[PDB]
$ cat structure-v6.txt   # compact mmCIF, C-alpha atoms
# COMPACT_ATOMS: atom_id res chain seq x y z
CA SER S 6 84.02 37.54 87.83
CA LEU S 7 87.38 38.61 89.29
CA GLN S 8 87.65 41.99 87.62
CA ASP S 9 85.06 43.53 89.88
CA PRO S 10 86.71 42.49 93.12
CA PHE S 11 90.18 43.51 91.78
CA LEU S 12 89.25 46.93 90.47
CA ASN S 13 87.10 47.55 93.58
CA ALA S 14 90.19 47.28 95.79
CA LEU S 15 92.27 49.65 93.71
CA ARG S 16 89.37 52.09 93.69
CA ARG S 17 88.60 51.64 97.39
CA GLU S 18 92.16 52.01 98.74
CA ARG S 19 92.89 54.65 96.11
CA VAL S 20 95.93 52.68 95.01
CA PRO S 21 98.07 54.35 92.30
CA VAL S 22 98.09 52.07 89.22
CA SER S 23 99.81 51.78 85.86
CA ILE S 24 97.41 50.83 83.09
CA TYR S 25 99.29 49.74 79.97
CA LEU S 26 97.33 50.00 76.72
CA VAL S 27 97.40 47.49 73.86
CA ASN S 28 99.98 49.68 72.10
CA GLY S 29 102.43 49.78 75.00
CA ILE S 30 101.41 53.28 76.02
CA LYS S 31 101.56 53.62 79.81
CA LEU S 32 98.93 55.55 81.81
CA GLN S 33 99.19 56.33 85.51
CA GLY S 34 96.83 57.51 88.24
CA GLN S 35 93.95 56.35 90.43
CA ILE S 36 90.82 54.47 89.42
CA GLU S 37 87.92 56.87 90.05
CA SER S 38 85.20 54.41 88.98
CA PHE S 39 84.51 51.53 86.60
CA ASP S 40 81.82 49.64 84.71
CA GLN S 41 82.18 46.58 82.51
CA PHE S 42 83.12 48.61 79.39
CA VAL S 43 85.31 51.45 80.76
CA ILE S 44 87.63 52.58 83.54
CA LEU S 45 87.86 56.20 84.62
CA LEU S 46 91.39 57.14 85.63
CA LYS S 47 92.18 60.31 87.54
CA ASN S 48 95.16 62.63 87.36
CA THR S 49 94.79 66.31 86.48
CA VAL S 50 91.51 65.41 84.76
CA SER S 51 89.29 62.33 84.58
CA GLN S 52 89.91 60.38 81.37
CA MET S 53 87.83 57.55 80.00
CA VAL S 54 89.77 54.36 79.39
CA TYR S 55 88.16 51.61 77.28
CA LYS S 56 88.84 48.18 78.76
CA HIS S 57 89.05 46.68 75.28
CA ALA S 58 92.16 48.77 74.78
CA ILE S 59 93.68 47.78 78.11
CA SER S 60 96.31 45.03 78.21
CA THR S 61 97.03 44.91 81.94
CA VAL S 62 96.35 46.74 85.17
CA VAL S 63 99.38 47.09 87.43
CA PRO S 64 99.00 48.23 91.07
CA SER S 65 102.01 50.20 92.39
CA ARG S 66 102.01 48.39 95.75
CA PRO S 67 100.61 45.09 97.10
CA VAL S 68 96.85 45.18 97.52
CA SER S 69 94.79 42.99 99.83
CA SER B 6 76.70 52.32 82.13
CA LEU B 7 79.14 55.18 82.78
CA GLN B 8 80.04 55.95 79.17
CA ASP B 9 76.73 57.62 78.50
CA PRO B 10 76.92 60.02 81.43
CA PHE B 11 80.61 60.79 80.66
CA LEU B 12 80.27 61.43 76.96
CA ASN B 13 77.02 63.37 77.59
CA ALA B 14 78.92 65.93 79.66
CA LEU B 15 81.65 66.45 77.09
CA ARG B 16 78.99 66.82 74.42
CA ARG B 17 76.76 69.06 76.54
CA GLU B 18 79.44 71.51 77.75
CA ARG B 19 81.16 71.29 74.37
CA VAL B 20 84.41 70.40 76.11
CA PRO B 21 87.46 70.07 73.80
CA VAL B 22 88.78 66.48 74.08
CA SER B 23 91.74 64.40 72.96
CA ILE B 24 90.71 60.96 71.75
CA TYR B 25 93.71 58.67 71.45
CA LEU B 26 93.27 55.71 69.09
CA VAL B 27 94.54 52.17 69.69
CA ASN B 28 97.60 53.00 67.55
CA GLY B 29 98.63 56.06 69.53
CA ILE B 30 97.24 58.46 66.95
CA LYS B 31 95.80 61.53 68.69
CA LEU B 32 92.56 63.22 67.54
CA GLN B 33 91.26 66.51 68.89
CA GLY B 34 87.97 68.41 68.81
CA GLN B 35 84.46 68.38 70.25
CA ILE B 36 82.04 65.48 70.56
CA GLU B 37 79.12 66.31 68.26
CA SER B 38 77.12 63.17 69.11
CA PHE B 39 77.50 59.52 70.09
CA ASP B 40 75.85 56.11 70.05
CA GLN B 41 77.12 52.85 71.50
CA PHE B 42 79.24 52.00 68.42
CA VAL B 43 80.63 55.40 67.29
CA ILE B 44 81.59 58.91 68.34
CA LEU B 45 81.32 61.85 65.97
CA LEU B 46 84.10 64.37 66.52
CA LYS B 47 83.99 67.87 65.08
CA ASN B 48 86.75 70.08 63.76
CA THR B 49 86.74 71.39 60.18
CA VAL B 50 84.47 68.45 59.29
CA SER B 51 82.56 65.81 61.23
CA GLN B 52 84.47 62.51 61.30
CA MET B 53 83.18 59.17 62.44
CA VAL B 54 85.24 57.56 65.19
CA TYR B 55 84.67 53.86 65.99
CA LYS B 56 84.71 53.26 69.74
CA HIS B 57 86.36 49.88 69.20
CA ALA B 58 89.38 51.78 67.93
CA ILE B 59 89.39 54.22 70.83
CA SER B 60 91.78 53.65 73.73
CA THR B 61 90.90 56.61 75.93
CA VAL B 62 88.92 59.83 75.96
CA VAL B 63 90.75 62.77 77.54
CA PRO B 64 88.89 66.00 78.41
CA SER B 65 91.06 69.15 78.16
CA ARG B 66 89.69 70.62 81.40
CA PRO B 67 87.89 69.27 84.50
CA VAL B 68 84.30 68.34 83.80
CA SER B 69 81.49 68.10 86.33
CA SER V 6 72.23 53.93 65.34
CA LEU V 7 74.15 56.89 63.88
CA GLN V 8 76.45 54.94 61.57
CA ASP V 9 73.69 54.25 59.10
CA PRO V 10 72.62 57.85 58.69
CA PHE V 11 76.29 59.00 58.49
CA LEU V 12 77.50 56.48 55.95
CA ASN V 13 74.26 56.93 53.96
CA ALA V 14 75.11 60.59 53.35
CA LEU V 15 78.65 59.91 52.21
CA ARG V 16 77.32 57.20 49.91
CA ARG V 17 74.39 59.29 48.67
CA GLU V 18 76.31 62.50 47.89
CA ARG V 19 79.28 60.46 46.69
CA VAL V 20 81.53 62.37 49.07
CA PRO V 21 85.25 61.51 48.83
CA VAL V 22 86.39 60.14 52.22
CA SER V 23 89.57 59.14 54.02
CA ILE V 24 89.16 55.93 55.99
CA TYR V 25 92.05 55.44 58.40
CA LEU V 26 92.66 51.85 59.50
CA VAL V 27 93.61 50.73 63.01
CA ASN V 28 97.27 50.65 61.91
CA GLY V 29 97.35 54.23 60.65
CA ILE V 30 97.12 53.18 57.02
CA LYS V 31 95.06 55.73 55.07
CA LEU V 32 92.57 54.71 52.36
CA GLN V 33 90.79 57.14 50.05
CA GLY V 34 87.80 57.02 47.71
CA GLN V 35 84.01 56.87 47.69
CA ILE V 36 81.71 54.62 49.69
CA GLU V 37 79.99 52.36 47.15
CA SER V 38 77.85 50.52 49.72
CA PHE V 39 77.84 49.31 53.32
CA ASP V 40 76.40 46.77 55.74
CA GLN V 41 76.99 46.44 59.47
CA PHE V 42 80.21 44.39 59.04
CA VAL V 43 81.90 45.95 55.96
CA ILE V 44 82.30 49.07 53.84
CA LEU V 45 82.99 48.88 50.12
CA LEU V 46 85.27 51.68 48.96
CA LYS V 47 85.72 52.56 45.31
CA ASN V 48 88.76 53.78 43.42
CA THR V 49 90.21 51.85 40.48
CA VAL V 50 88.55 48.73 41.92
CA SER V 51 86.03 48.01 44.68
CA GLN V 52 87.79 46.85 47.85
CA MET V 53 86.18 45.36 50.91
CA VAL V 54 86.93 47.21 54.13
CA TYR V 55 86.13 45.51 57.46
CA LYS V 56 84.63 47.99 59.92
CA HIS V 57 86.39 46.24 62.79
CA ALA V 58 89.64 47.40 61.25
CA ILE V 59 88.43 50.96 60.75
CA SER V 60 89.41 53.63 63.28
CA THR V 61 87.66 56.65 61.79
CA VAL V 62 85.82 57.82 58.71
CA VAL V 63 86.79 61.29 57.53
CA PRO V 64 84.70 63.14 54.90
CA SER V 65 86.75 65.49 52.67
CA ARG V 66 84.15 68.27 52.84
CA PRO V 67 81.24 69.20 55.16
CA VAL V 68 78.27 66.90 54.75
CA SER V 69 74.67 67.69 55.63
CA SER J 6 75.06 40.76 54.25
CA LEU J 7 77.39 42.01 51.49
CA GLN J 8 80.45 39.98 52.41
CA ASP J 9 78.97 36.78 51.07
CA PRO J 10 78.13 38.16 47.65
CA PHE J 11 81.54 39.93 47.43
CA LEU J 12 83.72 37.02 48.45
CA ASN J 13 81.59 34.67 46.31
CA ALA J 14 82.56 36.59 43.18
CA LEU J 15 86.27 36.57 43.94
CA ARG J 16 86.04 32.86 44.67
CA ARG J 17 83.86 32.10 41.64
CA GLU J 18 85.89 34.01 39.02
CA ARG J 19 89.11 32.98 40.75
CA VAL J 20 90.16 36.62 40.93
CA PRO J 21 93.66 37.24 42.35
CA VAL J 22 93.31 39.39 45.51
CA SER J 23 95.47 41.26 47.98
CA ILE J 24 94.33 40.77 51.56
CA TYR J 25 95.97 43.29 53.87
CA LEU J 26 96.11 42.28 57.55
CA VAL J 27 95.54 44.59 60.51
CA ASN J 28 99.32 45.00 60.82
CA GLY J 29 99.88 46.12 57.24
CA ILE J 30 101.18 42.74 56.16
CA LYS J 31 100.08 42.01 52.58
CA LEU J 32 98.94 38.55 51.44
CA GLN J 33 98.25 37.59 47.84
CA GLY J 34 96.50 34.74 46.04
CA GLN J 35 93.05 33.32 45.30
CA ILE J 36 90.16 32.74 47.68
CA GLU J 37 89.67 28.97 47.82
CA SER J 38 86.68 29.10 50.19
CA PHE J 39 85.19 31.10 53.06
CA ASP J 40 82.91 30.96 56.08
CA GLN J 41 81.92 33.77 58.43
CA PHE J 42 85.04 33.39 60.62
CA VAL J 43 87.84 32.57 58.12
CA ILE J 44 89.05 32.89 54.54
CA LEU J 45 91.21 30.25 52.91
CA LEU J 46 93.73 31.76 50.52
CA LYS J 47 95.65 29.69 48.00
CA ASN J 48 99.18 30.03 46.69
CA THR J 49 101.73 27.23 47.08
CA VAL J 50 99.66 25.96 50.02
CA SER J 51 96.24 26.74 51.47
CA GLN J 52 96.54 29.06 54.48
CA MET J 53 93.83 29.94 56.94
CA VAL J 54 93.16 33.66 57.26
CA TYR J 55 91.08 34.90 60.22
CA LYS J 56 88.66 37.62 59.12
CA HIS J 57 89.10 39.38 62.46
CA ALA J 58 92.69 40.02 61.43
CA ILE J 59 91.75 41.25 57.97
CA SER J 60 91.57 45.00 57.31
CA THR J 61 90.56 44.99 53.65
CA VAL J 62 90.13 42.72 50.67
CA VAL J 63 91.47 44.15 47.41
CA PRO J 64 90.63 42.51 44.05
CA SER J 65 93.39 42.89 41.42
CA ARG J 66 90.92 43.70 38.63
CA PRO J 67 87.31 44.95 38.41
CA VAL J 68 84.79 42.31 39.43
CA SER J 69 81.14 42.17 38.42
CA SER Y 6 82.38 25.98 59.95
CA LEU Y 7 85.62 25.43 58.01
CA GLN Y 8 88.06 26.02 60.85
CA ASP Y 9 87.30 22.70 62.45
CA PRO Y 10 87.92 20.63 59.34
CA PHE Y 11 91.10 22.65 58.54
CA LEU Y 12 92.70 22.52 61.96
CA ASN Y 13 91.67 18.84 62.30
CA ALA Y 14 93.83 17.93 59.31
CA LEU Y 15 96.89 19.77 60.56
CA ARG Y 16 96.42 18.13 63.94
CA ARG Y 17 95.70 14.69 62.49
CA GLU Y 18 98.61 14.52 60.02
CA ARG Y 19 100.84 16.34 62.49
CA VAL Y 20 101.68 18.90 59.83
CA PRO Y 21 104.27 21.52 60.85
CA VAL Y 22 102.62 24.98 60.65
CA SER Y 23 103.55 28.64 60.88
CA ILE Y 24 101.04 30.64 62.90
CA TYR Y 25 101.55 34.36 62.40
CA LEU Y 26 100.16 36.58 65.17
CA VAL Y 27 98.40 39.91 64.69
CA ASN Y 28 101.71 41.68 65.38
CA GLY Y 29 103.68 39.84 62.71
CA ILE Y 30 105.35 37.56 65.23
CA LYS Y 31 105.84 34.10 63.71
CA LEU Y 32 105.31 30.88 65.71
CA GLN Y 33 106.18 27.40 64.46
CA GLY Y 34 105.36 23.84 65.47
CA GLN Y 35 102.54 21.29 65.47
CA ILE Y 36 98.93 21.74 66.53
CA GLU Y 37 98.47 19.53 69.60
CA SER Y 38 94.77 20.34 70.05
CA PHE Y 39 92.21 23.10 69.57
CA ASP Y 40 88.88 24.49 70.74
CA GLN Y 41 86.97 27.50 69.43
CA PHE Y 42 88.92 30.00 71.59
CA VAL Y 43 92.51 28.63 71.59
CA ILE Y 44 95.08 26.56 69.74
CA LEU Y 45 97.76 24.59 71.56
CA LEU Y 46 101.02 24.54 69.63
CA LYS Y 47 103.83 22.14 70.45
CA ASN Y 48 107.58 22.58 70.30
CA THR Y 49 109.78 22.16 73.37
CA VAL Y 50 106.69 22.91 75.49
CA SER Y 51 102.97 23.27 74.83
CA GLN Y 52 101.98 26.93 74.55
CA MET Y 53 98.48 28.33 74.50
CA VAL Y 54 97.70 30.45 71.46
CA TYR Y 55 94.56 32.64 71.51
CA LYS Y 56 92.79 32.54 68.15
CA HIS Y 57 91.79 36.18 68.54
CA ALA Y 58 95.47 37.02 68.29
CA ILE Y 59 96.03 34.81 65.26
CA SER Y 60 96.10 36.38 61.79
CA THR Y 61 96.69 33.29 59.66
CA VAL Y 62 97.56 29.63 59.88
CA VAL Y 63 100.10 28.47 57.31
CA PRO Y 64 100.75 24.74 56.72
CA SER Y 65 104.34 23.94 55.66
CA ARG Y 66 103.23 21.46 52.98
CA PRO Y 67 100.02 20.77 51.02
CA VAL Y 68 97.34 19.15 53.15
CA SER Y 69 94.44 17.06 51.91
CA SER L 6 86.86 24.37 76.74
CA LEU L 7 90.62 23.73 76.91
CA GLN L 8 91.65 27.03 78.46
CA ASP L 9 90.34 26.07 81.86
CA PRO L 10 92.22 22.80 82.08
CA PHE L 11 95.42 24.44 80.72
CA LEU L 12 95.46 27.47 82.97
CA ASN L 13 94.43 25.28 85.94
CA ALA L 14 97.64 23.28 85.61
CA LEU L 15 99.89 26.31 85.44
CA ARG L 16 98.09 27.75 88.45
CA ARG L 17 98.06 24.46 90.37
CA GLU L 18 101.74 23.52 89.87
CA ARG L 19 102.72 27.17 90.17
CA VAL L 20 104.56 26.92 86.87
CA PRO L 21 106.47 30.08 85.82
CA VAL L 22 105.01 31.32 82.50
CA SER L 23 105.72 33.90 79.82
CA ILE L 24 102.58 35.67 78.66
CA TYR L 25 103.20 37.59 75.45
CA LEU L 26 100.77 40.44 74.76
CA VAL L 27 99.33 41.36 71.37
CA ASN L 28 102.04 44.02 71.02
CA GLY L 29 104.96 41.67 71.59
CA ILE L 30 105.46 42.83 75.15
CA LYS L 31 106.57 39.90 77.32
CA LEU L 32 105.30 39.38 80.89
CA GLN L 33 106.65 36.78 83.30
CA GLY L 34 105.52 35.22 86.57
CA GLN L 35 102.99 32.80 88.04
CA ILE L 36 99.26 32.60 87.41
CA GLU L 37 97.60 33.48 90.72
CA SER L 38 94.03 33.00 89.45
CA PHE L 39 91.87 33.32 86.34
CA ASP L 40 88.33 33.83 85.06
CA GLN L 41 87.10 33.90 81.47
CA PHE L 42 87.96 37.61 80.98
CA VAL L 43 91.24 38.07 82.92
CA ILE L 44 94.38 36.40 84.24
CA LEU L 45 96.08 37.57 87.41
CA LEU L 46 99.85 37.23 87.19
CA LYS L 47 102.10 37.45 90.23
CA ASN L 48 105.57 38.88 90.63
CA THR L 49 106.31 41.70 93.07
CA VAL L 50 102.62 42.64 92.86
CA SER L 51 99.50 41.06 91.38
CA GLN L 52 98.66 42.59 88.00
CA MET L 53 95.48 42.13 86.03
CA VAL L 54 96.00 40.80 82.52
CA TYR L 55 93.10 41.00 80.03
CA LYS L 56 92.87 37.82 77.97
CA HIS L 57 91.76 39.83 74.95
CA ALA L 58 95.21 41.39 74.96
CA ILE L 59 97.00 38.07 75.33
CA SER L 60 98.47 36.40 72.24
CA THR L 61 99.92 33.26 73.80
CA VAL L 62 100.67 31.64 77.13
CA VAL L 63 104.06 29.94 77.32
CA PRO L 64 104.93 27.60 80.22
CA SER L 65 108.65 27.60 81.14
CA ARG L 66 108.78 23.81 81.53
CA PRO L 67 106.67 20.84 80.36
CA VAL L 68 103.37 20.59 82.20
CA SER L 69 101.26 17.47 82.62
$ encode --input "structure-v6.txt" --output "structure tokens"
Amino acid sequence: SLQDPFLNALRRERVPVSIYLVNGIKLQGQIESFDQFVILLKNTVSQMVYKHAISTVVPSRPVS
Amino acid sequence: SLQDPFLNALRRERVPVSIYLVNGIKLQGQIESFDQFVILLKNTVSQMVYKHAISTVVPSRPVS
Amino acid sequence: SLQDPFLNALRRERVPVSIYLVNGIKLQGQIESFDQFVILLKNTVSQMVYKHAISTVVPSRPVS
Amino acid sequence: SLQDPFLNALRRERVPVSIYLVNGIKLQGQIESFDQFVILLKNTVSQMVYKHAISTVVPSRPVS
Amino acid sequence: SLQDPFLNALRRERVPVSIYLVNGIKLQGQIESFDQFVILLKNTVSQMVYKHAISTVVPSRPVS
Amino acid sequence: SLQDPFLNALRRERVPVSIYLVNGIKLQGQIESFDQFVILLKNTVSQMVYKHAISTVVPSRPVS
């Protein structure tokens, strides 16, 4: 899988990301944690984001 | 899984949440119970929310 | 599962429900029968509702 | 399953149906045949309808 | 399955089709090839169409 | 499968593609890498695109 390495880096370097949902809605923050079903995104509070409703995950700066 | 621990806390502390559906529609209330397929949300009546139609689950205050 | 107990009660007490589809469209009537894939809803005619296109199931009065 | 009995009757009595897709779009005609994945609907030509994109199947008259 | 026979005929007789995506968007051309996940459609270039995002496949003339 | 050969060619010849998401949104760039779940697309930064939210993959020039 490539998801695990990719999300690991955003989580590890605490890189600010834009997650865009399948309806265009745009969420912003830092990936607190993830599992195969969900991604937890942190701003004021931790929200649970369902991967099945995610279209793309967009880092806000280049990530090694 | 992380869903189970996360939804357990909202259910246990009866934390008011905003569930946003895959079409932007915004539901509000308290998680009465959940299973892998569905989430029951309580306001005036208990409604059955299908997880596959959920985009994100947003607590209304920080949850341990 | 919780779906089976929940839909059983709406079907058994013939409780009028609003099923809202993943596109916001709102259907109304009584649950005639269900299986894991579909829900049959009755008004003038019986229509077949695919669960995968259901977002939430909303009873029109409290159900034990 | 209930789908098989339900779609069998529409196909067998050649009952005119409205299939509404997950985007609201409304298709009309008669069910030529079906399998678990798809439904063939007939008007001027036979079109292939993917069940995963179907929200509900609405007969145009009561069906035994 | 019925998909395989149906798509085989459109591909074999090089029948011009309209594929309508789950968002209403309408694509046109000829089916170059298919597998269970995807359909390749040809116009100026070959594009890869994901079946999960297809609502219906509409031939532009009757197909045996 | 046909996806693997098709995406391999876009990735190998570094062919500029338009990926259109299930909500019409149009993304552009080059396929950096892929796995069965996701496609990484490169412009200014590498973004993670979920295949389940992809409708079609459109090369910007004929690809052998």
$ residues_around --input "structure-v6.txt" --residues "segment 52-68 of chain Y" --least-positions-apart "2" --cutoff "6 Å" --atoms "all atoms listed in the file" --output "CSV table (one decimal) with C-alpha atoms, in the frame of the given file"
chain,number,residue,atom,x,y,z
J,50,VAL,CA,99.7,26.0,50.0
J,52,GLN,CA,96.5,29.1,54.5
J,53,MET,CA,93.8,29.9,56.9
J,54,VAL,CA,93.2,33.7,57.3
J,55,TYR,CA,91.1,34.9,60.2
J,58,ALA,CA,92.7,40.0,61.4
Y,21,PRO,CA,104.3,21.5,60.8
Y,22,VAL,CA,102.6,25.0,60.6
Y,23,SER,CA,103.6,28.6,60.9
Y,24,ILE,CA,101.0,30.6,62.9
Y,25,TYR,CA,101.6,34.4,62.4
Y,26,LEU,CA,100.2,36.6,65.2
Y,27,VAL,CA,98.4,39.9,64.7
Y,42,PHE,CA,88.9,30.0,71.6
Y,43,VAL,CA,92.5,28.6,71.6
Y,44,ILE,CA,95.1,26.6,69.7
Y,45,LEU,CA,97.8,24.6,71.6
Y,46,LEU,CA,101.0,24.5,69.6
L,60,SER,CA,98.5,36.4,72.2
L,61,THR,CA,99.9,33.3,73.8
L,62,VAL,CA,100.7,31.6,77.1
L,63,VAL,CA,104.1,29.9,77.3
$ closest_residue --input "structure-v6.txt" --among "V:6, V:13, V:69, V:38" --to "chain J" --atoms "only C-alpha atoms"
V:38
$ closest_residue --input "structure-v6.txt" --among "S:19, S:9, S:39, S:34" --to "chain L" --atoms "all atoms listed in the file"
S:9
$ atom_distance --input "structure-v6.txt" --atom1 "atom CA of residue 32 of chain L" --atom2 "atom CA of residue 30 of chain B"
25.0 Å
$ atom_distance --input "structure-v6.txt" --atom1 "atom CA of residue 8 of chain J" --atom2 "atom CA of residue 51 of chain B"
27.4 Å
$ closest_residue --input "structure-v6.txt" --among "Y:12, Y:18, Y:28, Y:40" --to "chain S" --atoms "only C-alpha atoms"
Y:28
$ atom_distance --input "structure-v6.txt" --atom1 "atom CA of residue 15 of chain S" --atom2 "atom CA of residue 37 of chain S"
9.2 Å
